[PDB]
Amino acid sequence: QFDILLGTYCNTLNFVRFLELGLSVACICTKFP
Amino acid sequence: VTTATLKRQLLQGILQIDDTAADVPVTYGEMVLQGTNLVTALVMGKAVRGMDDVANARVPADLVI
Amino acid sequence: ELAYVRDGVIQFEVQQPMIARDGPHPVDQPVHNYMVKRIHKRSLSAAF
C-alpha cells in the first residue's frame, strides 16, 4: 500500500480601485508636519 | 440545471430562448512523469506530486438572460 | 498510474484581511487557524 499527495495551492485574491476613489470622493489628503 | 415540469413552467413564464448553437473547446493536460519519481518510489514507497509553486464540436443548446 | 490512495490530508491557505481600531475596546491581533480534513473513495462494480 502507498499514499499519493495531490499538492498545495495558494489563494490569489483580487483587489479593487480604492486609492483613486476612497481618498478622492470621501477624504482629502493634506500634509501638515 | 432544470428538468421535469419545472423547466416547462420556467420557459412558459420567464425564460425565453436566445441562442441556438454553441461550441465547447477541448483542453487536455498531462502531468510530467519524468524525474526522480521512480527512484523515490522504489526507495520509499510513496510519492508526492510537486511542481506547484515556482515563486471542434457543435451541440445545440439554449441560453437565457 | 492510478491506484489506491488510502485517503490523505489536505491544506488550504486563504488570506483574510483584518481590522484596525483603538479605544476602550481591547486591541485585535491577526490569528492563523489550520484545519485538516479527509476524503472518501467510491467503489465501481460492473459484471454480466
# chains A, B, ... in the order shown; residues from 1 in each chain; ligands from 1
call {"tool": "residues_around", "arguments": {"residues": "region 33-46 of chain C", "least_positions_apart": "2", "cutoff": "10 Å", "atoms": "only C-alpha atoms", "output": "ChimeraX atom specification"}}
result
/C:4-13,31,48
call {"tool": "closest_atom_pairs", "arguments": {"of": "chain A", "to": "chain C", "cutoff": "9 Å", "atoms": "only C-alpha atoms", "output": "Markdown table"}}
result
| residue | atom | partner | partner_atom | distance |
| --- | --- | --- | --- | --- |
| A:1 | CA | C:4 | CA | 7.3 |
| A:2 | CA | C:5 | CA | 6.8 |
| A:3 | CA | C:5 | CA | 5.1 |
| A:4 | CA | C:5 | CA | 5.7 |
| A:5 | CA | C:8 | CA | 7.0 |
| A:6 | CA | C:10 | CA | 8.4 |
| A:7 | CA | C:10 | CA | 8.0 |
| A:8 | CA | C:11 | CA | 6.4 |
| A:9 | CA | C:12 | CA | 6.9 |
| A:10 | CA | C:13 | CA | 5.9 |
| A:11 | CA | C:14 | CA | 5.5 |
| A:12 | CA | C:14 | CA | 8.2 |
| A:13 | CA | C:15 | CA | 7.9 |
call {"tool": "atom_distance", "arguments": {"atom1": "CA of residue 62 (chain B)", "atom2": "CA of residue 21 (chain B)"}}
result
7.8 Å
call {"tool": "closest_residue", "arguments": {"among": "B:42, B:36, B:48, B:6", "to": "chain C", "atoms": "only C-alpha atoms"}}
result
B:48
call {"tool": "atom_distance", "arguments": {"atom1": "CA of residue 26 (chain C)", "atom2": "CA of residue 26 (chain A)"}}
result
27.8 Å
call {"tool": "residues_around", "arguments": {"residues": "residue 32 (chain B)", "least_positions_apart": "2", "cutoff": "12 Å", "atoms": "only C-alpha atoms", "output": "ChimeraX atom specification"}}
result
/B:29-30,34-37,49-52 /C:1
call {"tool": "atom_distance", "arguments": {"atom1": "CA of residue 33 (chain B)", "atom2": "CA of residue 54 (chain B)"}}
result
18.0 Å
call {"tool": "select_by_dssp", "arguments": {"residues": "chain B", "states": "strand (DSSP E or B)", "output": "ChimeraX atom specification"}}
result
/B:21-23,47-48,58-60
call {"tool": "select_by_dssp", "arguments": {"residues": "chain B", "states": "alpha helix (DSSP H)", "output": "ChimeraX atom specification"}}
result
/B:4-13,37-43
call {"tool": "residues_around", "arguments": {"residues": "residue 25 (chain B)", "least_positions_apart": "5", "cutoff": "12 Å", "atoms": "only C-alpha atoms", "output": "PyMOL selection string"}}
result
chain B and resi 56-59
call {"tool": "decode", "arguments": {"residues": "chain A", "atoms": "C-alpha atoms", "output": "short mmCIF file (atom, residue, chain, number, x, y, z; two decimals), in the first residue's frame"}}
result
data_model
loop_
_atom_site.label_atom_id
_atom_site.label_comp_id
_atom_site.auth_asym_id
_atom_site.auth_seq_id
_atom_site.Cartn_x
_atom_site.Cartn_y
_atom_site.Cartn_z
CA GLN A 1 0.00 0.00 0.00
CA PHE A 2 1.06 3.59 -0.66
CA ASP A 3 -0.26 7.14 -0.35
CA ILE A 4 -0.22 9.80 -3.07
CA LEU A 5 -0.47 13.51 -2.25
CA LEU A 6 -2.03 15.94 -4.72
CA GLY A 7 -0.30 19.14 -3.64
CA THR A 8 -0.81 22.53 -2.02
CA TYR A 9 -2.34 25.55 -3.75
CA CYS A 10 -2.24 29.16 -2.53
CA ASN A 11 -5.16 31.56 -2.85
CA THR A 12 -4.67 34.56 -5.16
CA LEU A 13 -7.35 37.12 -4.35
CA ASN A 14 -8.03 40.25 -6.40
CA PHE A 15 -8.33 43.92 -5.46
CA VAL A 16 -10.40 46.98 -6.36
CA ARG A 17 -9.57 50.62 -7.07
CA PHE A 18 -9.59 52.41 -3.71
CA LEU A 19 -6.58 54.73 -3.84
CA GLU A 20 -8.16 56.93 -6.54
CA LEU A 21 -11.77 56.69 -5.28
CA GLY A 22 -11.90 56.35 -1.50
CA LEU A 23 -9.24 59.02 -0.99
CA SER A 24 -10.78 61.34 -3.60
CA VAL A 25 -14.54 61.19 -3.02
CA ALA A 26 -14.61 60.78 0.79
CA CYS A 27 -11.45 62.25 2.35
CA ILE A 28 -8.77 64.71 1.24
CA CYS A 29 -5.08 64.13 1.96
CA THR A 30 -3.07 67.14 3.16
CA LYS A 31 0.37 67.01 4.75
CA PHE A 32 0.93 69.05 7.93
CA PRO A 33 4.34 68.37 9.51
#
